[PDB]
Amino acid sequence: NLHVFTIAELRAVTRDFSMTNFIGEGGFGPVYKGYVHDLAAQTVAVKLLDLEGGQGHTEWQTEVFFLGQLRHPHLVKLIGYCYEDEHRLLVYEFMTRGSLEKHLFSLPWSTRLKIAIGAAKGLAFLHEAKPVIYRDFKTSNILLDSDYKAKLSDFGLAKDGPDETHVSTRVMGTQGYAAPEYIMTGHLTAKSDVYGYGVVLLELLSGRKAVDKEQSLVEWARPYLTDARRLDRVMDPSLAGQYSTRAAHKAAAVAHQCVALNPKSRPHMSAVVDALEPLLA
């Protein structure tokens, strides 16, 4: 199952958390490239809890719980963890192309479709199970391997699904991706995840960030997604001649349904996979 590491071992693994091994960070803490020697030898990612930050043991234990039981091809693999006095660390497989937001903010139309399909399969797997609500579905939580295969990562805010119709919890997440009905009510469902997936799809189609202080991508591009004649106002100009009108229009319409403000109008993620997969043919 999961391997238990010591601080001393992760110090060896990451060249004592050298700044040259820095590969990214978030609200939990910074992440360092590392190498495990003869568990097979491989390049790993080591995430360290920042003890002055806004996160802590709860997010750590959530990832260990969910990633230690969840195994799918579009989900990042958790190799092990460290729990040593006040310190908390997480060890994942190294995703060689990092997180999607750094590539988006150049990416071929076919590559973007492939990323959107892979991320959708990961999310569909969580929803169809013991269903799991991803909650923090955003661009920077999609990681990429050498072939740009997309994998969901960072299950710090992951929650179990509801005879109930919703889950009552704190409003947590990231502006622009968190579902509006969830923000306003504190009621979380799997349909809340579909809104954030729609936002990421919107970002892949337009090259624009969800929020940029016209500041909100969804609100601005919302009325332009249903009409194939208006595609030029939403499609990334760096994507020109790469897509057929039908493929971009169907992707745009899928995005539009996913960012509906009525959660009952959003599609199931498995229907999203079925709409998008043919576009790659």
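All residue numbers refer to positions in the sequence shown, first residue = 1.
In this entry, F105 and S106 are separated by 4 to 9 residues of the deposited sequence that lack coordinates. Per the record, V171 and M172 are directly connected, with no deposited-sequence residue omitted between them.
Once the C-alpha B-factors are averaged per stretch, 112-120 and 163-171 rank with 163-171 first. Look at the C-alpha B-factors of 192-200 and of 70-78. On average they run higher in 70-78. Of the candidates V64, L48, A228, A255, the deposited coordinates give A228 the top C-alpha B factor. In the PDB entry, a CA B factor belonging to the highest third of its chain's modelled residues is recorded for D145.
Compared with the other modelled residues of the chain, the Cα B-factor recorded for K250 ranks in the middle third.
When the CA B factors of the chain's modelled residues are split into thirds, the value for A240 lands in the highest one. In this PDB entry, the Cα temperature factor of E181 sits in the bottom third of its chain's modelled residues, the lowest group. In the deposited entry, the Cα temperature factor of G53 sits in the middle third of values across the chain's modelled residues.
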